[PDB]
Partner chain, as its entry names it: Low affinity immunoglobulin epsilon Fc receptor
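Next up: just one chain, as structure tokens, the form deposited without its partner chain.
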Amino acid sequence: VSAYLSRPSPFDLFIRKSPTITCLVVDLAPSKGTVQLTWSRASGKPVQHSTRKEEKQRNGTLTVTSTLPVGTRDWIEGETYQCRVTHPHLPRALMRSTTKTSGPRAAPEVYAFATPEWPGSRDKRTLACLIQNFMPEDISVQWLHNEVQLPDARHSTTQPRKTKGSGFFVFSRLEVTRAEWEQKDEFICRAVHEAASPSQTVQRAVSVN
């Protein structure tokens, strides 16, 4: 029986200003009892109503995830949120807590690229974004075009991996069509990160030329 507690996405925190936290509970061998997920703050202030979802998996195990809406100001000013997990036939109560980092920070470096022509695909182009040397690993990536954010499904971002020096890197990939760049030849890759200043974002544009 595992219990994980994740922090809000930077996008939800700093752009949409509606953060949430998710308490994920994985139970290898469940008795199908009533696992209770109670939320609480360190200050004693009340918590908003949380969503809950249970799902049986193919490998014979139940996952319970509860998502708790959190206040923007509250998180940014350093509130500690706790997920208490309880089950009748379980030795003790698992307790996971989360809060905004007070350890080392580093803004990300962003670099945007556009692939050259490849024989037999002159209408297609792949744009790629390197984002590196940032910490913590919490980061959100968006692609913009005509000053407008494209749907998330359009692009693909890799999992945060450690760099050799310090911090993390991720790559983001976005396929684009001739129509797009001929309409306007400028695509922005934007990273959202708490260590970034002054507004928690760092973005870079690239063109197909």
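Numbering follows the first chain given and starts at 1.
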> Averaging C-alpha B-factors over each stretch, which comes out higher, 25-33 or 40-48?
Replying inline: 25-33
>> Tell me which stretch has the larger mean Cα B-factor in this entry, 76-84 or 108-116.
In response: 76-84
> Considering only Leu174, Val64, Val170, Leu144, which residue's Cα atom bears the greatest B-factor as recorded?
Replying inline: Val64
>> When the deposited Cα B-factors of this chain's modelled residues are ordered and cut into thirds, is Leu5 in the lowest, the middle or the highest one?
In response: highest
>> Please say which third, lowest, middle or highest, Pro136 falls into when its CA temperature factor is compared across its chain.
In response: lowest
>> Can you tell me whether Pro69 has a C-alpha B-factor in the lowest, middle or highest third compared with the other modelled residues of the same chain?
In response: middle
> Taking the entry's C-alpha B-factors for this chain, is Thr157 in the lowest, middle or highest third?
Replying inline: lowest
> Ranked by Cα temperature factor within the chain, is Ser102 in the lowest third, the middle third or the highest third?
Replying inline: lowest
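Another form, the form solved in complex with its partner chain, is not on view; read the next lines as being about it.
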>> Is it the case that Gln200, even though its partner is missing from this view, gets within 4.5 Å of its partner chain in the entry with it bound, heavy atoms only?
In response: yes
>> Let me spell it out: two rigid parts, one turning against the other between this form and the one not shown. At which of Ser102, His49, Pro119, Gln159 is the hinge?
In response: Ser102
